[PDB]
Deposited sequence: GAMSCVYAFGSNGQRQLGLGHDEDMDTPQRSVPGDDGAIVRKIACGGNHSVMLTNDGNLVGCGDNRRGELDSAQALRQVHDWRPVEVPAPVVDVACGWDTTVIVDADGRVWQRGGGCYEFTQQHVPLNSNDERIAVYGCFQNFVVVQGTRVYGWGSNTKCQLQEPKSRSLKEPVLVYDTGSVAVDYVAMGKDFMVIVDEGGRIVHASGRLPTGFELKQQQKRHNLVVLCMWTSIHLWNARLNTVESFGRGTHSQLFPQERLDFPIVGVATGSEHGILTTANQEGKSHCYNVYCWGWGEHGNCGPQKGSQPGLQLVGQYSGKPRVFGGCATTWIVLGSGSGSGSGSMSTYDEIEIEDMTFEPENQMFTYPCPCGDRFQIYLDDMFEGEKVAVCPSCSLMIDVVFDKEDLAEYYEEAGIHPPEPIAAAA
């Protein structure tokens, strides 16, 4: 029972937990204080990163100049992985640009950062999950989807209202339960357990016609800051919608390997495929999109196409951040 964590990419604020502030272009072993408890989720802000283990503990590293990590206001940066002070054991975690949001075992939602150095409870009206990106957060319970934060693009409600401090009702189904919420910079895509898009607010990237996508079944929706990506298991490919200025658009070339996992960072994608060519089956992890900081591998030119960053015997879990890539392995 052990989860190894490998990280690479942007590291200017030591948000990779490697101890140093140098950008990496190959997977580096990121060892916390424990490294014995298994990893549940790795949420990433702009310059900070938090790691939620399955024991309710939450460690973090990176920038703290906006209070996204520790309550010590004189603590500007957390050098290595450090325990994040929480009012109660954490069940789920999410990060905004300079904020951190947790959901504890008591069902309470807490938010720190964005100038606020103290964990402040967000009062939101059975499984409870939290999702966040940029300047927005969302809490999902059953069929109801509550969200707060920015609203300059009508990602929460009507009309354009700069910001909402109090959690509002973003969307209700209100029959089939909501599985997750894939959110970008100023937009949002709500998906049910069936696998179909049920709602989408904010400004969606070009080409993404909402009414046409709501008729499709069994989709896995991923979101970068300025693009939406749809994992189509049936066709074994990823459909991308957006400007694609820096190769964020997934290569429409034939994928011979079976896709078994897809994740996205701020402006890059992480693909996990099944390599079955040997006597033993393994897993290839690819990266596509903007990778100047090495978050896509040694080739940092953001050229179109997949880039192989690693190959593992066990199926890895991957997480994306702001020009950072996290690969989690099971020993």
Q: Residue ranges with no C-alpha coordinates, please: along the deposited sequence, counted from 1, in order.
A: 1, 127-131, 338-427
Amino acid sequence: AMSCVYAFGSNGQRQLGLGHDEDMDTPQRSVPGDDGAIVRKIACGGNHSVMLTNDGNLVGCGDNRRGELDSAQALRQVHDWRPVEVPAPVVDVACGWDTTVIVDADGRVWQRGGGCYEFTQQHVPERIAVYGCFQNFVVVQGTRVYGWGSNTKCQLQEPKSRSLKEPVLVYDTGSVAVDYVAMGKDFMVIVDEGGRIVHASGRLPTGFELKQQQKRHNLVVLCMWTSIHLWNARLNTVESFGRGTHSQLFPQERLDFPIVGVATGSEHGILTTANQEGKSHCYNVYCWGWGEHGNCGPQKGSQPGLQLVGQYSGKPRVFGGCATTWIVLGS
From here on, numbers count along this sequence of modelled residues.
Q. In the PDB record, does 71-79 or 232-240 carry the higher mean Cα temperature factor?
A. 71-79
Q) Of 36-44 and 258-266, which one has the bigger average CA B-factor? A) 36-44
Q: Report the option among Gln299, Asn57, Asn295, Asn284 whose CA atom has the maximum B-factor in the deposited record.
A: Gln299
Q) Highest CA temperature factor in the entry: which of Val101, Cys133, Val91, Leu219? A) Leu219
Q | Third of chain Cα B-factors occupied by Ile197 | A | highest
Q.
Lowest, middle or highest third: which one holds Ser247 when the chain's residues are ordered by CA B-factor from the entry?
A. lowest
Q.
For the chain shown, is the CA B-factor of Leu52 in the lowest, middle or highest third of its modelled residues?
A. middle
Q) Considering only modelled residues of the same chain, in which third does the CA B-factor of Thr26 rank: lowest, middle or highest? A) middle
Q) In terms of the CA temperature factor given in the entry, to which third of its chain does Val176 belong: lowest, middle or highest? A) highest
